[PDB]
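Q: run_14.cif is the file, holding mmCIF, C-alpha atoms:
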data_query
#
loop_
_atom_site.label_atom_id
_atom_site.label_comp_id
_atom_site.auth_asym_id
_atom_site.auth_seq_id
_atom_site.Cartn_x
_atom_site.Cartn_y
_atom_site.Cartn_z
CA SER A 36 -65.61 -71.77 108.20
CA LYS A 37 -62.60 -69.72 107.08
CA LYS A 38 -61.47 -69.57 110.71
CA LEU A 39 -61.69 -73.37 110.91
CA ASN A 40 -58.93 -73.94 108.36
CA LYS A 41 -56.87 -71.37 110.25
CA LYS A 42 -57.08 -73.00 113.68
CA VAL A 43 -56.70 -76.41 112.05
CA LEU A 44 -53.67 -75.59 109.89
CA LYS A 45 -52.18 -73.95 112.98
CA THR A 46 -52.66 -77.00 115.21
CA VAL A 47 -51.20 -79.45 112.70
CA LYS A 48 -48.46 -76.97 111.79
CA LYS A 49 -47.44 -76.75 115.45
CA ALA A 50 -47.39 -80.52 115.92
CA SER A 51 -45.58 -80.93 112.59
CA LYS A 52 -42.43 -79.59 114.25
CA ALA A 53 -43.17 -81.54 117.43
CA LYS A 54 -43.05 -84.80 115.48
CA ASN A 55 -46.76 -85.52 115.96
CA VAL A 56 -47.89 -85.58 112.34
CA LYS A 57 -47.50 -88.31 109.71
CA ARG A 58 -48.02 -87.58 106.02
CA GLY A 59 -47.91 -89.95 103.06
CA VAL A 60 -50.08 -92.84 101.92
CA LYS A 61 -47.85 -95.19 103.91
CA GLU A 62 -48.20 -93.25 107.17
CA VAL A 63 -51.95 -93.12 106.51
CA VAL A 64 -52.58 -96.85 106.14
CA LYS A 65 -50.18 -97.43 109.03
CA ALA A 66 -51.97 -94.91 111.25
CA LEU A 67 -55.31 -96.61 110.56
CA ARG A 68 -53.80 -100.10 110.71
CA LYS A 69 -51.69 -99.77 113.87
CA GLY A 70 -54.47 -97.64 115.31
CA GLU A 71 -52.07 -94.71 115.66
CA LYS A 72 -54.31 -92.12 114.01
CA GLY A 73 -55.53 -88.62 114.81
CA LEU A 74 -56.63 -86.37 111.96
CA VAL A 75 -56.72 -87.05 108.22
CA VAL A 76 -55.61 -83.81 106.56
CA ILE A 77 -56.68 -83.78 102.92
CA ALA A 78 -55.70 -81.16 100.34
CA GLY A 79 -58.87 -79.48 99.11
CA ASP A 80 -56.97 -78.63 95.94
CA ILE A 81 -55.66 -82.17 95.47
CA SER A 82 -58.14 -84.99 96.03
CA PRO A 83 -58.44 -87.69 93.32
CA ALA A 84 -60.97 -90.52 93.21
CA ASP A 85 -58.63 -92.31 95.62
CA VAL A 86 -59.28 -90.02 98.58
CA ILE A 87 -62.84 -89.30 97.47
CA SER A 88 -63.49 -93.05 97.52
CA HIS A 89 -61.54 -93.87 100.68
CA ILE A 90 -63.16 -90.96 102.52
CA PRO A 91 -66.68 -92.47 102.55
CA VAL A 92 -65.28 -95.99 102.86
CA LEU A 93 -62.93 -95.41 105.79
CA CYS A 94 -65.53 -93.13 107.39
CA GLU A 95 -68.45 -95.52 106.91
CA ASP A 96 -66.17 -98.39 107.92
CA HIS A 97 -64.72 -97.04 111.17
CA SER A 98 -65.56 -93.34 110.93
CA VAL A 99 -62.08 -91.85 111.27
CA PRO A 100 -61.54 -88.12 111.94
CA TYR A 101 -60.84 -86.88 108.41
CA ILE A 102 -60.65 -83.16 107.63
CA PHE A 103 -60.16 -81.25 104.37
CA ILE A 104 -58.14 -78.08 103.84
CA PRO A 105 -58.06 -76.45 100.38
CA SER A 106 -54.68 -74.77 100.76
CA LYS A 107 -51.38 -76.08 99.37
CA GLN A 108 -49.55 -73.73 101.73
CA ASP A 109 -51.29 -75.39 104.68
CA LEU A 110 -51.05 -79.03 103.60
CA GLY A 111 -47.43 -78.40 102.67
CA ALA A 112 -46.49 -76.40 105.75
CA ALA A 113 -48.04 -79.19 107.81
CA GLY A 114 -46.73 -82.27 106.03
CA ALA A 115 -43.50 -80.92 104.55
CA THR A 116 -42.86 -77.50 103.02
CA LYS A 117 -40.15 -79.23 100.98
CA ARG A 118 -42.24 -82.30 100.14
CA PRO A 119 -45.94 -81.37 100.32
CA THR A 120 -48.71 -83.92 99.77
CA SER A 121 -52.49 -84.30 99.58
CA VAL A 122 -52.95 -87.09 102.12
CA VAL A 123 -51.76 -86.60 105.70
CA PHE A 124 -52.55 -88.29 109.02
CA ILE A 125 -51.95 -86.40 112.26
CA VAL A 126 -51.14 -88.34 115.43
CA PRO A 127 -51.46 -86.19 118.59
CA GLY A 128 -49.73 -88.57 120.98
CA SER A 129 -47.70 -87.64 124.04
CA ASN A 130 -46.69 -89.60 127.14
CA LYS A 131 -44.92 -87.00 129.28
CA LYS A 132 -46.03 -83.95 127.29
CA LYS A 133 -49.58 -84.96 128.21
CA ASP A 134 -49.08 -83.76 131.78
CA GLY A 135 -46.09 -81.57 130.99
CA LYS A 136 -45.80 -77.82 130.46
CA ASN A 137 -45.76 -77.95 126.66
CA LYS A 138 -47.79 -76.82 123.65
CA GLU A 139 -49.51 -80.21 123.88
CA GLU A 140 -52.01 -78.45 126.15
CA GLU A 141 -53.46 -75.83 123.80
CA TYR A 142 -52.50 -78.01 120.83
CA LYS A 143 -54.36 -81.15 121.91
CA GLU A 144 -57.28 -78.99 123.06
CA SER A 145 -57.62 -76.96 119.86
CA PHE A 146 -56.98 -80.09 117.80
CA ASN A 147 -59.52 -82.28 119.59
CA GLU A 148 -61.97 -79.42 119.05
CA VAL A 149 -61.53 -78.97 115.30
CA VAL A 150 -61.19 -82.73 114.77
CA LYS A 151 -64.26 -83.62 116.84
CA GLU A 152 -66.24 -80.97 114.96
CA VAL A 153 -65.26 -82.45 111.60
CA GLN A 154 -66.30 -85.93 112.74
CA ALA A 155 -69.71 -84.87 114.03
CA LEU A 156 -70.33 -82.80 110.90
#
Using the file provided, produce a representation of the structure as structure tokens.

A:
Amino acid sequence: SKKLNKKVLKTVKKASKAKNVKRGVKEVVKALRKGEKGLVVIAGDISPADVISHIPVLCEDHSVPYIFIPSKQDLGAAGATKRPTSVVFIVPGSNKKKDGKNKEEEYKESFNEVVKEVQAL
């Protein structure tokens, strides 16, 4: 499992600089509302009744790909090292990068893997 958080934090961290991640309650509701979602990164260290209640609700409602990562360094380095949070929503979307020679390849792959795994489990 330890490796999971690694590969995960790495994927999101890479996309974070590629403008593919969206943190903040606002970005969350918007990602699930506009349909522009990807991976719900939750801070294992910070998770109030809000996330603990929305987790089973949003999951049992639509079953969105939500993952947890107990590591402030990760959640922060992914969302914003300067302004870290506990609720983040990744959005691996690329039009040209999809078929272009970019990190999107390994990124999307590794991401879809970790994400899919979290959903199934």

Q: List, as number ranges by chain, every residue that the PyMOL selection byres ((chain A and resi 71-78) around 8) selects in the file provided.

A: A: 63, 65-70, 79-82, 99-107, 110, 120-127, 150

Q: I want to know what sits within 12 Å of residue A:143, based on all atoms listed in the file, with residues of the same chain fewer than 5 positions away left out; could you give that as number ranges by chain?

A: A: 42-43, 45-47, 49-50, 55, 73-74, 125-129, 132-134, 137-138, 148-151

Q: Report, in Å to a single decimal, how far apart atom CA of residue A:115 and atom CA of residue A:130 are.

A: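 So the answer is 24.4 Å.
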
Q: Restricting the calculation to all atoms listed in the file, which member of A:60, A:147, A:112, A:38 is positioned closest to residue A:85?

A: A:60

Q: Let me have the centre and edge lengths in Å, one decimal, of the box along x, y and z around every listed atom of stretch 121-138 of chain A with 3 Å of margin on each side, as lines of an AutoDock Vina configuration file.

A:
center_x = -48.9
center_y = -83.2
center_z = 115.7
size_x = 14.0
size_y = 18.8
size_z = 38.2

Q: Please determine, counting all atoms listed in the file, which residue among A:114, A:40, A:140, A:156 has the shortest atom-to-atom distance to residue A:54.

A: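 Among A:114, A:40, A:140, A:156, it is A:114 that comes nearest to residue A:54.
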
Q: Using Å and a single decimal, report how far atom CA of residue A:116 sits from atom CA of residue A:89.

A: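 So the answer is 24.9 Å.
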
Q: One number please: atom CA of residue A:111 to atom CA of residue A:51, in Å, one decimal.

A: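 It comes out at 10.4 Å.
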
Q: For a quick check of understanding, using all atoms listed in the file, which of A:39, A:113, A:92, A:108 has the smallest distance to residue A:59?

A: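 Nearest to residue A:59: A:113.
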
Q: Taking all atoms listed in the file into account, name the residue in A:37, A:155, A:86, A:62 that is nearest to residue A:98.

A: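 Among A:37, A:155, A:86, A:62, it is A:155 that comes nearest to residue A:98.
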